[PDB]
Amino acid sequence: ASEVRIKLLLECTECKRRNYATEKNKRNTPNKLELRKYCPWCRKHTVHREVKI
Amino acid sequence: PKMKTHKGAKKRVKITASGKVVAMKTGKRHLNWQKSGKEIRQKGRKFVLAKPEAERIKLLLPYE
RNA sequence: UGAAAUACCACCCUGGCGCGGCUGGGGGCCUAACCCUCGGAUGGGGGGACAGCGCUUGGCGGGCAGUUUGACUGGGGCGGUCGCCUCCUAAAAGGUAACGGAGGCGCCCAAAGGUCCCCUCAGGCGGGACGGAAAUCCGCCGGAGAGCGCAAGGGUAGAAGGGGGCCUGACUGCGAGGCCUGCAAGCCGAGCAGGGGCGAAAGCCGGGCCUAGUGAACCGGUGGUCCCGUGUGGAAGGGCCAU
RNA sequence: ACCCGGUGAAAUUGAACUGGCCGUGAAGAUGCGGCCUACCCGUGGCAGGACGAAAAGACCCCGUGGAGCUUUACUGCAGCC
RNA sequence: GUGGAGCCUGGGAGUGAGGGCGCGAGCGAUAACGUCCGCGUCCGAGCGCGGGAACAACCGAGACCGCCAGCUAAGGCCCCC
RNA sequence: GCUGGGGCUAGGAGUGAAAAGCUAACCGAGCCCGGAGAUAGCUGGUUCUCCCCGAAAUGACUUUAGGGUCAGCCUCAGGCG
RNA sequence: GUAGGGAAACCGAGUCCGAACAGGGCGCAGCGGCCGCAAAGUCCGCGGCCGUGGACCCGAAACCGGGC
RNA sequence: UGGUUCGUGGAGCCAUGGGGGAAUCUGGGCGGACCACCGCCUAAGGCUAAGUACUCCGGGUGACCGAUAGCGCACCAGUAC
RNA sequence: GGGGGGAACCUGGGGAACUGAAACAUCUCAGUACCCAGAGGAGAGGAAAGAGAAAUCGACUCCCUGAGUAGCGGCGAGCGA
Ligand SMILES: [Mg+2]
Ligand SMILES: [Mg+2]
Ligand SMILES: [Mg+2]
Ligand SMILES: [Mg+2]
Ligand SMILES: [Mg+2]
Ligand SMILES: [Mg+2]
Ligand SMILES: [Mg+2]
Ligand SMILES: [Mg+2]
Ligand SMILES: [Mg+2]
Ligand SMILES: [Mg+2]
Ligand SMILES: [Mg+2]
Ligand SMILES: [Mg+2]
Ligand SMILES: [Mg+2]
Ligand SMILES: [Mg+2]
Ligand SMILES: [Mg+2]
Ligand SMILES: [Mg+2]
Ligand SMILES: [Mg+2]
Ligand SMILES: [Mg+2]
Ligand SMILES: [Mg+2]
Ligand SMILES: [Mg+2]
Ligand SMILES: [Mg+2]
Ligand SMILES: [Mg+2]
Ligand SMILES: [Mg+2]
Ligand SMILES: [Mg+2]
Ligand SMILES: [Mg+2]
Ligand SMILES: [Mg+2]
Ligand SMILES: [Mg+2]
Ligand SMILES: [Mg+2]
Ligand SMILES: [Mg+2]
Ligand SMILES: [Mg+2]
Ligand SMILES: [Mg+2]
Ligand SMILES: [Mg+2]
Ligand SMILES: [Mg+2]
Ligand SMILES: [Mg+2]
Ligand SMILES: [Mg+2]
Ligand SMILES: [Mg+2]
Ligand SMILES: [Mg+2]
Ligand SMILES: [Mg+2]
Ligand SMILES: [Mg+2]
Ligand SMILES: [Mg+2]
Ligand SMILES: [Mg+2]
Ligand SMILES: [Mg+2]
Ligand SMILES: [Mg+2]
Ligand SMILES: [Mg+2]
Ligand SMILES: [Mg+2]
Ligand SMILES: [Mg+2]
Ligand SMILES: [Mg+2]
Ligand SMILES: [Mg+2]
Ligand SMILES: [Mg+2]
Ligand SMILES: [Mg+2]
Ligand SMILES: [Mg+2]
Ligand SMILES: [Mg+2]
Ligand SMILES: [Mg+2]
Ligand SMILES: [Mg+2]
Ligand SMILES: [Mg+2]
Ligand SMILES: [Mg+2]
Ligand SMILES: [Mg+2]
Ligand SMILES: [Mg+2]
Ligand SMILES: [Mg+2]
Ligand SMILES: [Mg+2]
Ligand SMILES: [Mg+2]
Ligand SMILES: [Mg+2]
Ligand SMILES: [Mg+2]
Ligand SMILES: [Mg+2]
Ligand SMILES: [Mg+2]
Ligand SMILES: [Mg+2]
Ligand SMILES: [Mg+2]
Ligand SMILES: [Mg+2]
Ligand SMILES: [Mg+2]
Ligand SMILES: [Mg+2]
Ligand SMILES: [Mg+2]
Ligand SMILES: [Mg+2]
Ligand SMILES: [Mg+2]
Ligand SMILES: [Mg+2]
Ligand SMILES: [Mg+2]
Ligand SMILES: [Mg+2]
Ligand SMILES: [Mg+2]
Ligand SMILES: [Mg+2]
Ligand SMILES: [Mg+2]
Ligand SMILES: [Mg+2]
Ligand SMILES: [Mg+2]
Ligand SMILES: [Mg+2]
Ligand SMILES: [Mg+2]
Ligand SMILES: [Mg+2]
Ligand SMILES: [Mg+2]
Ligand SMILES: [Mg+2]
Ligand SMILES: [Mg+2]
Ligand SMILES: [Mg+2]
Ligand SMILES: [Mg+2]
Ligand SMILES: [Mg+2]
Ligand SMILES: [Mg+2]
Ligand SMILES: [Mg+2]
Ligand SMILES: [Mg+2]
Ligand SMILES: [Mg+2]
Ligand SMILES: [Mg+2]
Ligand SMILES: [Mg+2]
Ligand SMILES: [Mg+2]
Ligand SMILES: [Mg+2]
Ligand SMILES: [Mg+2]
Ligand SMILES: [Mg+2]
Ligand SMILES: [Mg+2]
Ligand SMILES: [Mg+2]
Ligand SMILES: [Mg+2]
Ligand SMILES: [Mg+2]
Ligand SMILES: [Mg+2]
Ligand SMILES: [Mg+2]
Ligand SMILES: [Mg+2]
Ligand SMILES: [Mg+2]
Ligand SMILES: [Mg+2]
Ligand SMILES: [Mg+2]
Ligand SMILES: [Mg+2]
Ligand SMILES: [Mg+2]
Ligand SMILES: [Mg+2]
Ligand SMILES: [Mg+2]
Ligand SMILES: [Mg+2]
Ligand SMILES: [Mg+2]
Ligand SMILES: [Mg+2]
Ligand SMILES: [Mg+2]
Ligand SMILES: [Mg+2]
Ligand SMILES: [Mg+2]
Ligand SMILES: [Mg+2]
Ligand SMILES: [Mg+2]
Ligand SMILES: [Mg+2]
Ligand SMILES: [Mg+2]
Ligand SMILES: [Mg+2]
Ligand SMILES: [Mg+2]
Ligand SMILES: [Mg+2]
Ligand SMILES: [Mg+2]
Ligand SMILES: [Mg+2]
Ligand SMILES: [Mg+2]
Ligand SMILES: [Mg+2]
Ligand SMILES: [Mg+2]
Ligand SMILES: [Mg+2]
Ligand SMILES: [Mg+2]
Ligand SMILES: [Mg+2]
Ligand SMILES: [Mg+2]
Ligand SMILES: [Mg+2]
Ligand SMILES: [Mg+2]
Ligand SMILES: [Mg+2]
Ligand SMILES: [Mg+2]
Ligand SMILES: [Mg+2]
Ligand SMILES: [Mg+2]
Ligand SMILES: [Mg+2]
Ligand SMILES: [Mg+2]
Ligand SMILES: [Mg+2]
Ligand SMILES: [Mg+2]
Ligand SMILES: [Mg+2]
Ligand SMILES: [Mg+2]
Ligand SMILES: [Mg+2]
Ligand SMILES: [Mg+2]
Ligand SMILES: [Mg+2]
Ligand SMILES: [Mg+2]
Ligand SMILES: [Mg+2]
Ligand SMILES: [Mg+2]
Ligand SMILES: [Mg+2]
Ligand SMILES: [Mg+2]
Ligand SMILES: [Mg+2]
Ligand SMILES: [Mg+2]
Ligand SMILES: [Mg+2]
Ligand SMILES: [Mg+2]
Ligand SMILES: [Mg+2]
Ligand SMILES: [Mg+2]
Ligand SMILES: [Mg+2]
Ligand SMILES: [Mg+2]
Ligand SMILES: [Mg+2]
Ligand SMILES: [Mg+2]
Ligand SMILES: [Mg+2]
Ligand SMILES: [Mg+2]
Ligand SMILES: [Mg+2]
Ligand SMILES: [Mg+2]
Ligand SMILES: [Mg+2]
Ligand SMILES: [Mg+2]
Ligand SMILES: [Mg+2]
Ligand SMILES: [Mg+2]
Ligand SMILES: [Mg+2]
Ligand SMILES: [Mg+2]
Ligand SMILES: [Mg+2]
Ligand SMILES: [Mg+2]
Ligand SMILES: [Mg+2]
Ligand SMILES: [Mg+2]
Ligand SMILES: [Mg+2]
Ligand SMILES: [Mg+2]
Ligand SMILES: [Mg+2]
Ligand SMILES: [Mg+2]
Ligand SMILES: [Mg+2]
Ligand SMILES: [Mg+2]
Ligand SMILES: [Mg+2]
Ligand SMILES: [Mg+2]
Ligand SMILES: [Mg+2]
Ligand SMILES: [Mg+2]
Ligand SMILES: [Mg+2]
Ligand SMILES: [Mg+2]
Ligand SMILES: [Mg+2]
Ligand SMILES: [Mg+2]
Ligand SMILES: [Mg+2]
Ligand SMILES: [Mg+2]
Ligand SMILES: [Mg+2]
Ligand SMILES: [Mg+2]
Ligand SMILES: [Mg+2]
Ligand SMILES: [Mg+2]
Ligand SMILES: [Mg+2]
Ligand SMILES: [Mg+2]
Ligand SMILES: [Mg+2]
Ligand SMILES: [Mg+2]
Ligand SMILES: [Mg+2]
Ligand SMILES: [Mg+2]
Ligand SMILES: [Mg+2]
Ligand SMILES: [Mg+2]
Ligand SMILES: [Mg+2]
Ligand SMILES: [Mg+2]
Ligand SMILES: [Mg+2]
Ligand SMILES: [Mg+2]
Ligand SMILES: [Mg+2]
Ligand SMILES: [Mg+2]
Ligand SMILES: [Mg+2]
Ligand SMILES: [Mg+2]
Ligand SMILES: [Mg+2]
Ligand SMILES: [Mg+2]
Ligand SMILES: [Mg+2]
Ligand SMILES: [Mg+2]
Ligand SMILES: [Mg+2]
Ligand SMILES: [Mg+2]
Ligand SMILES: [Mg+2]
Ligand SMILES: [Mg+2]
Ligand SMILES: [Mg+2]
Ligand SMILES: [Mg+2]
Ligand SMILES: [Mg+2]
Ligand SMILES: [Zn+2]
């Protein structure tokens with residue numbers, strides 16, 4: 001991690017809970033991450049979005 | 001004068017039915033973003049303190 | 001007639017004016033609080049609502065107070081060093097010191113991750129416009145000396161290397177059994193369940209060929225949960241999960 | 001200072017029946033080995049040795065010991081604004 | 001393989017300055033009664049005994065007590081002996 | 001200038017023609033009593049007898065290094081066998 | 001002491017995590033002939049060690065109070 | 001600001017140095033910020049035995065001392081010095 | 001009527017430090033030591049503007065217990081209703 005390589009949380013888009021922490025490079029990957037993840041709240045995979053740590 | 005219960009021990013540790021000493025796994029207070037899920041999960045359990053260390057803690061808890 | 005239309009009475013705005021209340025800031029003056037002073041004192045004179053003094057605000061402050069000012073070390077200081085990785089020393093299991101010999105780390109990658117499919121190197125000789133020792137092309141030889149983000153080592157083409165397609169398993173709930181080990185840590189992990197990815201399938205996938213890329217607890221932040229809530233319902237504040 | 005009469009201390013002192021050499025030994029031995037030397041006991045003297053005496057090294061280092069002092073060390077207080 | 005062997009639970013420690021020697025290395029100078037590791041030993045705690053002139057750790061050997069008995073070990077057998 | 005008598009100023013205080021001088025024969029902070037049996041991870045000392053066993057001077061960590069905690073190594077009791 | 005598990009609400013020979021009837025953590029289960037015997041546990045004594053006290057004894061240099 | 005277990009904490013309560021500043025039962029304080037409800041209690045005047053502390057003094061009693069002990073003092077001692 | 005004395009005890013007004021925290025500042029030691037005032041044979045407190053969950057209790061003081069609980073705490077050492 002660095003000023004450019006940041007930590008971020010992934011929020012389930014259906015129930016709004018942050019379910020995963022991970023990291024990315026914001027120079028290489030400026031758009032907010034969107035990833036399908038398993039939401040344990042929703043009990044199903046859900047598109048999760050990068051939301052600020 | 002009577003012994004006093006050590007309050008840091010009472011707050012961190014429990015003596016089980018058979019007198020083992022139990023405490024929360026250390027290591028997920030923070031810096032967790034790069035820890036695997038196997039890691040965070042496993043650190044979420046209680047463990048049983050090593051005998052000589054538990055034996056010491058047990059003596060600080062004279063009235064449990 | 002425009003959005004709304006005209007005479008006339010209201011309730012209220014835009015801005016401004018003069019009276020007033022109530023006030024904040026400055027300027028002047030006053031005297032009687034308060035201070036000084038005067039043979040004389042229920043008074044005179046001077047300063048004057050300042051100064052002083054109370055409470056409170058922020059500052060300056062070795063004048064003074066309490067202290068702190070690391071360890072290793074062929075004495076101490078000076079210099080150097082302190083955690084982590086790789087090799088050697090290391091006496092063919094493991095481990096093994098010295099201010100012994102050499103180097104690295106404190107990152108990174110949204111692909112540099114998963115899976116399916118396909119492909120194979122460096123180098124040498126020969127041939128080929130610009131074109132060279134080395135750009136790209138053709139032939140032969142060439143088991144790996146190349147590659148594998150970075151140090152070294154181990155590994156490795158019967159791929160871990162190179163290319164593409166679809167993807168997010170860089171899972172959630174766990175976890176038999178072990179490696180290592182004074183503790184606490186660190187490490188590996190089959191399997192089951194949930195919901196997925198790739199594949200016709202067998203199956204693989206709980207990040208990365210591997211070993212560095214890190215930091216216990218305390219205090220606190222944020223999202224969630226809806227567990228406690230000081231007679232009661234809430235609320236304050238906490239717990240719990242995540243960070 | 002010395003001798004005789006008078007009075008009469010001190011530090012120090014494990015005990016002592018307390019020699020030299022060459023060696024040895026915790027590395028400088030009267031005390032150990034081998035040798036050499038040496039009858040018993042004093043008095044006046046000398047200071048090489050008894051690592052002589054005195055003083056639990058003052059230098060040096062160590063102790064998460066002290067204290068005086070300094071400052072743009074930390075933190076506070078007086079005082080002043 | 002029955003040993004002051006081993007394993008398990010518990011009570012009590014002390015130690016956490018080591019040292020010489022042999023062998024294997026590093027450091028040092030193919031120096032040190034040097035230094036730092038490894039395997040082993042001994043002294044430590046066997047400054048008890050024999051040998052090594054004397055001498056913690058070299059050789060011999062693990063001292064329960066007594067004997068004016070015997071055999072040996074290293075080392076010795078000309079005199080000191 | 002020296003000096004008698006009578007006075008005043010003191011402990012983070014006095015006093016000082018300044019030496020950290022002097023303040024009742026040791027002043028970089030007087031003496032007495034008290035807190036007080038301060039604290040001392042240091043040095044020293046630790047008292048009858050017999051009998052059995054019998055270490056360590058290492059590893060990890062440590063404002064740690066001549067101190068500790070855990071472990072290793074000793075000992076006792078019970079169990080196992 | 002006779003119940004534990006859980007941060008807690010709370011449930012209870014279980015309970016906690018969990019969607020789980022999964023897996024796991026932590027837990028739950030005398031001898032002889034109704035008799036006696038033993039025992040959880042607990043009380044008292046004794047001993048070892050530990051904590052708190054000056055805590056095995058002696059020793060600072062210093063610090064602070066009030067006085068002289 | 002102090003007191004309380006409460007070290008600023010969600011910090012109430014009791015007390016009060018500063019500022020502001022009421023009401024008389026339809027008044028007021030309290031039940032841990034706050035609000036409601038439900039309760040408890042009546043501030044800003046005073047006194048009040050006993051049960052409690054102590055031991056200069058008197059007495060009783062010791063698995064207390066016995067002249068280096070026991071009080072500093074058995075004695076003409078808070079004396080001599 | 002006061003004044004001054006009285007060994008401890010008592011209330012009130014002031015109030016340290018060593019030390020502990022294996023350094024230290026908050027914290028601790030401790031509202032202790034000590035100074036001061038005041039009482040008295042005791043002193044203090046005392047007749048709810050209490051407690052705090054019981055639809056309860058019923059001044060105060062003192063002992064046992066509640067309880068090293070609740071809590072407080074560089075959530076350290078410790079402190080402790
Ligand atoms: Mg944690
Ligand atoms: Mg932490
Ligand atoms: Mg957390
Ligand atoms: Mg947190
Ligand atoms: Mg990773
Ligand atoms: Mg890690
Ligand atoms: Mg993972
Ligand atoms: Mg994760
Ligand atoms: Mg209890
Ligand atoms: Mg219990
Ligand atoms: Mg004027
Ligand atoms: Mg005037
Ligand atoms: Mg005037
Ligand atoms: Mg004027
Ligand atoms: Mg003014
Ligand atoms: Mg005035
Ligand atoms: Mg103000
Ligand atoms: Mg101020
Ligand atoms: Mg200073
Ligand atoms: Mg300053
Ligand atoms: Mg101090
Ligand atoms: Mg410092
Ligand atoms: Mg420091
Ligand atoms: Mg200093
Ligand atoms: Mg330091
Ligand atoms: Mg040093
Ligand atoms: Mg040097
Ligand atoms: Mg050293
Ligand atoms: Mg050295
Ligand atoms: Mg040297
Ligand atoms: Mg040396
Ligand atoms: Mg230096
Ligand atoms: Mg070095
Ligand atoms: Mg590190
Ligand atoms: Mg090796
Ligand atoms: Mg090797
Ligand atoms: Mg090896
Ligand atoms: Mg080997
Ligand atoms: Mg091993
Ligand atoms: Mg690709
Ligand atoms: Mg790859
Ligand atoms: Mg791919
Ligand atoms: Mg080629
Ligand atoms: Mg060519
Ligand atoms: Mg050409
Ligand atoms: Mg070419
Ligand atoms: Mg290669
Ligand atoms: Mg590189
Ligand atoms: Mg698809
Ligand atoms: Mg396991
Ligand atoms: Mg382990
Ligand atoms: Mg599948
Ligand atoms: Mg599946
Ligand atoms: Mg398919
Ligand atoms: Mg798997
Ligand atoms: Mg990679
Ligand atoms: Mg990597
Ligand atoms: Mg802390
Ligand atoms: Mg800390
Ligand atoms: Mg917290
Ligand atoms: Mg409530
Ligand atoms: Mg609720
Ligand atoms: Mg309430
Ligand atoms: Mg309501
Ligand atoms: Mg409710
Ligand atoms: Mg609401
Ligand atoms: Mg909340
Ligand atoms: Mg919450
Ligand atoms: Mg958590
Ligand atoms: Mg979880
Ligand atoms: Mg004569
Ligand atoms: Mg004469
Ligand atoms: Mg003699
Ligand atoms: Mg003689
Ligand atoms: Mg010699
Ligand atoms: Mg000699
Ligand atoms: Mg002689
Ligand atoms: Mg002799
Ligand atoms: Mg001789
Ligand atoms: Mg002789
Ligand atoms: Mg001779
Ligand atoms: Mg003579
Ligand atoms: Mg002489
Ligand atoms: Mg001389
Ligand atoms: Mg001599
Ligand atoms: Mg001499
Ligand atoms: Mg001398
Ligand atoms: Mg001497
Ligand atoms: Mg001394
Ligand atoms: Mg000395
Ligand atoms: Mg010295
Ligand atoms: Mg000096
Ligand atoms: Mg020195
Ligand atoms: Mg020093
Ligand atoms: Mg230090
Ligand atoms: Mg130290
Ligand atoms: Mg110091
Ligand atoms: Mg000092
Ligand atoms: Mg001035
Ligand atoms: Mg046996
Ligand atoms: Mg044995
Ligand atoms: Mg043994
Ligand atoms: Mg044992
Ligand atoms: Mg014992
Ligand atoms: Mg020890
Ligand atoms: Mg020791
Ligand atoms: Mg040590
Ligand atoms: Mg040594
Ligand atoms: Mg050694
Ligand atoms: Mg040894
Ligand atoms: Mg050594
Ligand atoms: Mg050796
Ligand atoms: Mg040989
Ligand atoms: Mg050698
Ligand atoms: Mg070597
Ligand atoms: Mg040479
Ligand atoms: Mg020798
Ligand atoms: Mg040596
Ligand atoms: Mg040598
Ligand atoms: Mg050598
Ligand atoms: Mg050896
Ligand atoms: Mg010794
Ligand atoms: Mg021997
Ligand atoms: Mg031996
Ligand atoms: Mg011997
Ligand atoms: Mg001998
Ligand atoms: Mg002997
Ligand atoms: Mg011998
Ligand atoms: Mg001999
Ligand atoms: Mg002989
Ligand atoms: Mg006979
Ligand atoms: Mg024979
Ligand atoms: Mg022979
Ligand atoms: Mg011979
Ligand atoms: Mg002869
Ligand atoms: Mg005069
Ligand atoms: Mg005079
Ligand atoms: Mg005079
Ligand atoms: Mg004066
Ligand atoms: Mg004076
Ligand atoms: Mg005075
Ligand atoms: Mg002073
Ligand atoms: Mg000063
Ligand atoms: Mg002073
Ligand atoms: Mg002065
Ligand atoms: Mg003068
Ligand atoms: Mg000077
Ligand atoms: Mg005097
Ligand atoms: Mg003088
Ligand atoms: Mg001083
Ligand atoms: Mg004097
Ligand atoms: Mg006094
Ligand atoms: Mg004290
Ligand atoms: Mg003491
Ligand atoms: Mg000290
Ligand atoms: Mg003793
Ligand atoms: Mg033996
Ligand atoms: Mg050592
Ligand atoms: Mg060691
Ligand atoms: Mg380590
Ligand atoms: Mg450690
Ligand atoms: Mg030490
Ligand atoms: Mg131990
Ligand atoms: Mg053994
Ligand atoms: Mg046995
Ligand atoms: Mg279960
Ligand atoms: Mg089970
Ligand atoms: Mg019993
Ligand atoms: Mg113990
Ligand atoms: Mg005490
Ligand atoms: Mg004691
Ligand atoms: Mg003791
Ligand atoms: Mg003392
Ligand atoms: Mg002094
Ligand atoms: Mg001081
Ligand atoms: Mg001072
Ligand atoms: Mg004083
Ligand atoms: Mg004074
Ligand atoms: Mg207030
Ligand atoms: Mg307070
Ligand atoms: Mg708090
Ligand atoms: Mg409060
Ligand atoms: Mg007031
Ligand atoms: Mg009312
Ligand atoms: Mg009202
Ligand atoms: Mg009130
Ligand atoms: Mg109020
Ligand atoms: Mg209220
Ligand atoms: Mg109430
Ligand atoms: Mg009430
Ligand atoms: Mg009264
Ligand atoms: Mg009565
Ligand atoms: Mg009474
Ligand atoms: Mg009485
Ligand atoms: Mg009497
Ligand atoms: Mg008698
Ligand atoms: Mg007598
Ligand atoms: Mg006497
Ligand atoms: Mg007598
Ligand atoms: Mg008497
Ligand atoms: Mg007497
Ligand atoms: Mg007399
Ligand atoms: Mg009076
Ligand atoms: Mg009176
Ligand atoms: Mg008071
Ligand atoms: Mg007063
Ligand atoms: Mg006070
Ligand atoms: Mg007082
Ligand atoms: Mg003061
Ligand atoms: Mg202090
Ligand atoms: Mg003390
Ligand atoms: Mg302590
Ligand atoms: Mg301290
Ligand atoms: Mg200390
Ligand atoms: Mg210091
Ligand atoms: Mg302190
Ligand atoms: Mg203390
Ligand atoms: Mg206090
Ligand atoms: Mg007293
Ligand atoms: Mg009086
Ligand atoms: Mg009475
Ligand atoms: Mg009374
Ligand atoms: Mg009264
Ligand atoms: Mg009344
Ligand atoms: Mg209880
Ligand atoms: Mg704590
Ligand atoms: Mg207190
Ligand atoms: Zn969701």
# chains A, B, ... in the order shown; residues from 1 in each chain; ligands from 1

$ select_by_dssp --residues "chain B" --states "alpha helix (DSSP H)" --output "list in words"
residues 7, 8, 9, 10, 37, 38, 39, 40, 41, 42, 51, 52, 53, 54, 55, 56, 57, 58 and 59 of chain B

$ interface_residues --of "chain B" --to "chain A" --cutoff "10 Å" --atoms "only C-alpha atoms" --output "list in words"
residues 32, 33, 34, 35, 36 and 37 of chain B

$ residues_around --residues "residue 52 (chain I)" --least-positions-apart "2" --cutoff "9 Å" --atoms "only C-alpha atoms (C1' of nucleotides)" --output "list in words"
residues 231 of chain C; 31 and 40 of chain H; 54 of chain I

$ interface_residues --of "chain I" --to "chain B" --cutoff "10 Å" --atoms "only C-alpha atoms (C1' of nucleotides)" --output "list in words"
residues 68, 73, 75, 76 and 78 of chain I

$ residues_near_ligand --ligand "ligand 95" --cutoff "9 Å" --atoms "only C-alpha atoms (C1' of nucleotides) and all ligand atoms" --output "MDAnalysis selection string"
(chainID C and resid 68:70) or (chainID D and resid 64) or (chainID F and resid 63) or (chainID I and resid 23)

$ write_last_selection --atoms "N, CA, C and O atoms (P, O5', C5', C4', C3', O3' and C1' of nucleotides)" --output "PDB file, in the first residue's frame"
ATOM      1  P     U C  68      14.530  10.334  35.222  1.00  0.00           P
ATOM      2  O5'   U C  68      14.403  10.394  33.638  1.00  0.00           O
ATOM      3  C5'   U C  68      13.246   9.864  32.990  1.00  0.00           C
ATOM      4  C4'   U C  68      13.287  10.223  31.550  1.00  0.00           C
ATOM      5  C3'   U C  68      14.625   9.956  30.914  1.00  0.00           C
ATOM      6  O3'   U C  68      14.749   8.628  30.476  1.00  0.00           O
ATOM      7  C1'   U C  68      13.957  12.145  30.420  1.00  0.00           C
ATOM      8  P     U C  69      16.174   7.920  30.425  1.00  0.00           P
ATOM      9  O5'   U C  69      16.953   8.830  29.421  1.00  0.00           O
ATOM     10  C5'   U C  69      16.564   8.832  28.078  1.00  0.00           C
ATOM     11  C4'   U C  69      17.397   9.802  27.335  1.00  0.00           C
ATOM     12  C3'   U C  69      18.888   9.576  27.360  1.00  0.00           C
ATOM     13  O3'   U C  69      19.280   8.594  26.428  1.00  0.00           O
ATOM     14  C1'   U C  69      18.382  11.852  27.715  1.00  0.00           C
ATOM     15  P     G C  70      20.577   7.671  26.644  1.00  0.00           P
ATOM     16  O5'   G C  70      20.041   6.206  26.329  1.00  0.00           O
ATOM     17  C5'   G C  70      19.030   5.627  27.119  1.00  0.00           C
ATOM     18  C4'   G C  70      18.675   4.254  26.620  1.00  0.00           C
ATOM     19  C3'   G C  70      19.813   3.305  26.311  1.00  0.00           C
ATOM     20  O3'   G C  70      20.363   2.710  27.457  1.00  0.00           O
ATOM     21  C1'   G C  70      18.229   3.243  24.587  1.00  0.00           C
TER      22        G C  70
ATOM     23  P     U D  64      19.673  -1.361  37.420  1.00  0.00           P
ATOM     24  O5'   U D  64      18.783  -0.623  36.318  1.00  0.00           O
ATOM     25  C5'   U D  64      18.041   0.527  36.627  1.00  0.00           C
ATOM     26  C4'   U D  64      18.057   1.530  35.528  1.00  0.00           C
ATOM     27  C3'   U D  64      17.187   2.730  35.763  1.00  0.00           C
ATOM     28  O3'   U D  64      17.897   3.681  36.511  1.00  0.00           O
ATOM     29  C1'   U D  64      16.821   1.908  33.591  1.00  0.00           C
TER      30        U D  64
ATOM     31  P     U F  63      14.075  -3.838  25.790  1.00  0.00           P
ATOM     32  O5'   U F  63      15.047  -3.518  27.022  1.00  0.00           O
ATOM     33  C5'   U F  63      14.523  -2.920  28.191  1.00  0.00           C
ATOM     34  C4'   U F  63      15.432  -1.829  28.654  1.00  0.00           C
ATOM     35  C3'   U F  63      15.138  -1.171  29.998  1.00  0.00           C
ATOM     36  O3'   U F  63      16.222  -1.409  30.865  1.00  0.00           O
ATOM     37  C1'   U F  63      15.655   0.451  28.295  1.00  0.00           C
TER      38        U F  63
ATOM     39  P     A I  23       9.996   2.038  37.208  1.00  0.00           P
ATOM     40  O5'   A I  23      11.129   2.641  36.308  1.00  0.00           O
ATOM     41  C5'   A I  23      12.334   3.056  36.857  1.00  0.00           C
ATOM     42  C4'   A I  23      12.938   4.156  36.015  1.00  0.00           C
ATOM     43  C3'   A I  23      12.197   5.466  35.952  1.00  0.00           C
ATOM     44  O3'   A I  23      12.476   6.268  37.079  1.00  0.00           O
ATOM     45  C1'   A I  23      12.778   4.817  33.793  1.00  0.00           C
TER      46        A I  23
END

$ residues_around --residues "residue 45 (chain A)" --least-positions-apart "2" --cutoff "8 Å" --atoms "only C-alpha atoms (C1' of nucleotides)" --output "NGL selection string"
(:A and (36-39 or 42-43 or 47)) or (:C and (195-196))

$ residues_near_ligand --ligand "ligand 28" --cutoff "9 Å" --atoms "only C-alpha atoms (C1' of nucleotides) and all ligand atoms" --output "list in words"
residues 72, 73 and 75 of chain C; 65 of chain F

$ write_last_selection --atoms "C-alpha atoms (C1' of nucleotides)" --output "PDB file, in the first residue's frame"
ATOM      1  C1'   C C  72      25.002  -4.071  21.277  1.00  0.00           C
ATOM      2  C1'   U C  73      30.292  -3.084  21.830  1.00  0.00           C
ATOM      3  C1'   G C  75      36.729  -1.065  28.079  1.00  0.00           C
TER       4        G C  75
ATOM      5  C1'   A F  65      23.016  -7.619  28.861  1.00  0.00           C
TER       6        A F  65
END
